[PDB]
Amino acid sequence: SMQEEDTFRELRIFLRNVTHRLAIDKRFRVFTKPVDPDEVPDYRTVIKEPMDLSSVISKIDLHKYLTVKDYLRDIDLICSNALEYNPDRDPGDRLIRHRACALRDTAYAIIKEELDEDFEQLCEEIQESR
């Protein structure tokens, strides 16, 4: 229905706003673009499904997300990829892991504050019906 298409348009507006607020935070610069294959040739042999905030924006516009649960799987993948690729005790790896955990925690906190649980439930029931 037209009303269901309006629901998914409001979801996209909400997800673009959350993603922009993450992408402008200085702590999260390393997560804003894909890893450069020239500077890190081993990245795509270790990490099987790369993800970053520019690709998340592209996916919103391609209508890949029908629920906030769908979106948070990709935020969780940005964080888990960083923890997997950078697991050592040295300061550069510990700084990237701290920032990845802060990206995940910040996204979940904005959603807890600003997503209506009945809006999410409506998106999930339309998705289930298709």
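Numbering starts at 1 and follows the sequence shown.
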### Summary
Looking only at C-alpha temperature factors in the entry, 34 to 42 or 87 to 95, the higher average sits in 34 to 42
### Query
Would 98 to 106 or 43 to 51 have the larger average of its C-alpha temperature factors, as given in the entry?
43 to 51
### Task
Would you mind ranking residue 9 by its C-alpha B-factor against the rest of the chain and naming the third, lowest, middle or highest?
middle
### Message
Split into thirds by Cα B-factor across the chain's modelled residues, where does residue 113 land: lowest, middle or highest?
### Response
highest
### Task
Would you mind ranking residue 64 by its C-alpha B-factor against the rest of the chain and naming the third, lowest, middle or highest?
lowest
